[PDB]
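Colleague: This is the structure, below, for whatever I ask next.
In this analysis, Cβ positions are derived from the backbone assuming ideal geometry, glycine residues included, and neighbour counts consider all displayed protein chains. What follows draws every value from the coordinates through simple rules; no lab data is involved.
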DNA sequence: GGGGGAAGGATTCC
DNA sequence: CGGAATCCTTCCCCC
Ligand SMILES: Nc1ccn([C@H]2C[C@H](O)[C@@H](COP(=O)(O)OP(=O)(O)OP(=O)(O)O)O2)c(=O)n1
Ligand SMILES: [Ca+2]
Ligand SMILES: [Ca+2]
Ligand SMILES: [Ca+2]
């Protein structure tokens, strides 16, 4: 089995360099402005020029501007990158439509029938890469190996504009020396827990007692890591696609006034519906970040689809429910529709 | 003991 | 001082 992975280099930031090439060679920074008055928000992504001075994804627009006050800060136009994305995905769609669209800028292609041997697999990466760069001037990185996870790791290493193949022997070595931190689906909050239990690499997950792990990193993530350490990992390449659509916003101020929140909630719904389109959702969740930035969401699953009218209808009580079981001040508020039909 | 789901909490950037 | 989703663990009715 040979899986070819593709990941768009600094996607958002880059796309903006396509619609306005004057920025390349310059620090570009895509941002999300909340509006709770100026500079407030976060960073979505930053090109490499920007990254090398400390500007990464996740930092407050203010702390970033202290590093590059002369950098270009563009608000995020997700709808744009989305289209640009779909294009690169449909182009890929046929190099093996036994492909999985992981995210707005990720995909997995099972090139088993379409080819064998890495040599060729590689030569089909520049092929794929070359095409995308030509047809859309976007630089991407490719990963190749026996399974999805490792294919990604190959790409994550040689980025950007890279193409790396890490098959069989190297796999063993990574299972031995790769840093647990760097394992797909292993964020910060999971990496440290993992050090505590004395694990810093994949292989180490075979020395610890299966229970200590479920005990801490959840039976879910637990089985995952072990499976990898035994290079007994294998999950087909099947386009697994979106199972929830929502919209969340920041109230100009924090509060517990039902009639003050209501408007943002009704704006979130309205937009969620529009983005839902023809897809009919059977479950609805009212979400609201507390000021200590926690996440409390009260939902519901009907035995049938939700008409916008109903969305409005239940959204209110789910919201009333929340206030009714928590206490904190709701900073941001929204809704999320799932269980489509 | 466990299927089958709905619900609420946490985590990753999937 | 963001925003979108997913992941995942506990609760629940009941055969
Ligand atoms: N806290 C975060 C983290 C990431 N993203 C966005 C940034 C990108 O728009 C998208 C994909 O980011 P990746 O990390 O997968 O890849 P990058 O876009 O960062 O490029 P690169 O992997 O080459 O660094 O996720 C976000 O909105 N908020
Ligand atoms: Ca990327
Ligand atoms: Ca990515
Ligand atoms: Ca990591």
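Colleague: Hey, rough spin-label estimate for residue A:260 and residue A:173, points 7 angstrom out along Cα→Cβ, what's it come to in nanometres?
Modeller: Taking the simple label geometry, residue A:260 and residue A:173 are separated by 6.1 nm.
Colleague: What is the helix-to-structure angle for A:258-276, meaning the angle in degrees between its Cα long axis and the longest Cα principal axis of chain A, kept from 0 to 90 and rounded to the nearest 10?
Modeller: Rounded to the nearest ten degrees, it is 40.
Colleague: The stretch A:300-318 to the stretch A:64-113: how many Å between their Cα centroids?
Modeller: Cα centroid of the stretch A:300-318 versus Cα centroid of the stretch A:64-113: 32 Å apart.
Colleague: Starting from the Cα gyration tensor of the stretch A:161-260, take the square roots of the eigenvalues, sort them a ≥ b ≥ c, and report rounded, prolate or oblate (rounded when a/c is under 1.5, otherwise prolate if a/b is larger than b/c, else oblate).
Modeller: On the way: a/c = 2.44, a/b = 1.71, b/c = 1.42.
In terms of gyration-tensor shape, prolate.
Colleague: Please work out how much length the chain gains when fully extended from residue A:196 to residue A:122, using 0.36 nm per residue of separation minus the C-alpha to C-alpha distance, in nm with one decimal. Let's see the in-between values first.
Modeller: Numbers: separation 74, 0.36 × 74 = 26.64 nm, distance 3.87 nm.
Separation in residues times 0.36 nm, less the Cα-Cα distance, equals 22.8 nm.
Colleague: Something else about it: Could you give the angle, 0 to 90 degrees to the nearest 10, between helix A:118-136's Cα long axis and the longest principal axis of the Cα atoms of chain A?
Modeller: With rounding to tens, the tilt is 40 degrees.
Colleague: With springs only between Cα atoms under 10 Å apart, run a GNM on chain A and tell me which of A:283, A:42, A:151 wobbles the most.
Modeller: Highest fluctuation among the options: A:283.
Colleague: In deg cm²/dmol, rounded to 500, what helix-only [θ] at 222 nm does chain A give when every DSSP H run of at least 4 residues adds -39500 (n - 2.57) and the total is split over its residues?
Modeller: It lands at -12500 deg cm²/dmol.
Colleague: Out of all DSSP beta bridges with both ends in the stretch A:11-77, state the antiparallel percent to the nearest 5. Walk me through the intermediate numbers first.
Modeller: Values: 5 of 9 bridges.
Of the beta bridges lying entirely in the stretch A:11-77, close to 55 percent run antiparallel.
Colleague: Which residue, A:158, A:107, A:13, tops the fluctuation ranking in a GNM of chain A built on C-alpha contacts under 10 Å?
Modeller: A:158
Colleague: Follow-up question, since we're still on this one. Which whole-number percentage describes the relative contact order of chain A, with Cα contacts under 8 Å and a sequence gap of 6 or more?
Modeller: Values: 616 pairs, mean separation 51.2, N = 341.
Computed over chain A, the figure is 15 percent.
Colleague: I would also like to ask the following. Taking the Cα atoms only, what angle lies between the long axis of helix A:210-229 and the longest principal axis of chain A, rounded to 10 degrees?
Modeller: Compared with the principal axis, the helix lies near 40 degrees.
Colleague: If you average the sequence gap of Cα pairs under 8 Å that are 6 or more apart and divide by the length of the stretch A:256-341, what percent do you get for the contact order? Numbers along the way, then the final one.
Modeller: Working: 135 pairs, mean separation 38.9, N = 86.
Relative contact order of the stretch A:256-341: 45 percent.
Colleague: Taking the Cα-to-Cβ direction at residue A:216 and at residue A:242 and moving 7 Å from each Cα, how far apart do the two end points lie in nm?
Modeller: The two pseudo-label positions are separated by 3.8 nm.
Colleague: Something else: Could you work out how far apart the two model spin labels at residue A:327 and residue A:309 are, taking each label as a point 7 Å from the Cα in the direction of the beta carbon, and quote it in nm?
Modeller: 4.1
Colleague: Same structure again: For the stretch A:117-141 and the stretch A:158-179, write down the distance between their C-alpha centroids in whole Å.
Modeller: 18
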